[PDB]
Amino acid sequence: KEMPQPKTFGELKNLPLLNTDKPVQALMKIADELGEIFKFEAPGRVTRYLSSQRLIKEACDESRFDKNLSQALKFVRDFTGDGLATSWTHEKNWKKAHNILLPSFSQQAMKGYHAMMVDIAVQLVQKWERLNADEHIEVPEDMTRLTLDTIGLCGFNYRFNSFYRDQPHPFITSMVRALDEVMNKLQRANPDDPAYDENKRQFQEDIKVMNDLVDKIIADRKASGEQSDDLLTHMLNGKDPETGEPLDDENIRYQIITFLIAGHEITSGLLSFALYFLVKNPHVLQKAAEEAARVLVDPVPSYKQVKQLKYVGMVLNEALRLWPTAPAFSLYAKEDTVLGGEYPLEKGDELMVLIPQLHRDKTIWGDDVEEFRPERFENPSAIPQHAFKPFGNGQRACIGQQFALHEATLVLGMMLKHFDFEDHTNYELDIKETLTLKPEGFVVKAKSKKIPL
């Protein structure tokens, strides 16, 4: 009836609550206190955060709700344009790029990307094989080396060579700093003052860097004529069956920037959290390592063998359950409608799906919801509708889901085949928030099982 709402700060409404280093975790705590739905107001805007499967299953009804761009996504659109993740469903370029790119992201496409994924995965294993006795691994940093290199190579046949360096690539410097400006711009009480003029000049400089670098990648490929098995070739050559049109070079650039963001720390976060949960749950690690040793019987894994890593796949889903690295998505009501028989919404009203809190709904998962139990995922039919949404919803779901899960299953399987792991610091989980999530400072030691490649 009277929708719950967290504490307000006069004319700033709830905005100061997101002036925090960990806003998603702060919102999760508000959900703990207020329940399945709460209103969140800022100057000139309002949304409603949903946390229960009961309400989110209705929000996922595409006849009633469509994808909205959150304030964060609207700011990211300043450098991802009408790429797939920041276009509205009704923009011509969304359905056009969706139709063109779907065959590039299917399981059949993964068979083609597999060899390049193995290339990078072997580089990761060789790095760890070559560490000296007393040394340790910085898990998120090395996982980000893996995922960035993989999307660079599979995306446009470019070698970031992240395992050869510590200084970030110039593109990544600007990309990370652009995303940082989005974070700072959100939790600005007075974001219009001229005190942020430098931040805005730097922001425009970083957009130009990303545009210039990707634009020349596209120009270089058209000039060379090479037809590699990557996303850029498919975008240069594909035609939308509906309109009959190809993507233009500007939109191709937006897609590439989008893929680079998604394949960076959003994807590496899944691997980082998965390894964290494995080392914190030794019986689960042992079961996953037993599968890896049984299935990965060749020096280089095949595509088919990765598909046979069923338990590793469940490990990844359970890591996505507890700490999904794209932690929210936004919706708007297409028409007047009533949520859950109790909350009337008007056309245009916005919703936020708080994914980590949805995934803690005890009415779905039981009381042991904080425990890491991959066996929860043995049967998708036993999971209620819309209870598990780490890849979003409907036609606006993650197009990269098969790509992320294939590269994650491949390298996690290889990690489990080749090394025993030690939580040598008894690492205390500390989740750093950018626009994604990562276990900050997570370190392990890896002792080789001395299995050759």
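One-based numbering along the sequence shown.
- For the two regions 43-51 and 26-34, the entry's Cα B-factors average higher over 43-51.
- As recorded in the PDB entry, 193-201 is the stretch of 193-201 and 158-166 with the greater mean C-alpha temperature factor.
- If you compare the C-alpha temperature factors of 82, 368, 265, 291 in the entry, 368 comes out highest.
- Across the residues 282, 380, 324, 152, the deposited record lists the maximum Cα B factor for 380.
- Split the chain's modelled residues into thirds by C-alpha temperature factor. Residue 443 is in the lowest one.
- In the PDB entry, a CA B factor belonging to the middle third of its chain's modelled residues is recorded for residue 17.
- Among all modelled residues in its chain, residue 93 ranks in the middle third by Cα B-factor.
- Per the PDB record, residue ranking by Cα B-factor puts residue 220 in the highest third of the chain.
- When the modelled residues of the chain are ordered by C-alpha B-factor, residue 422 sits in the highest third.
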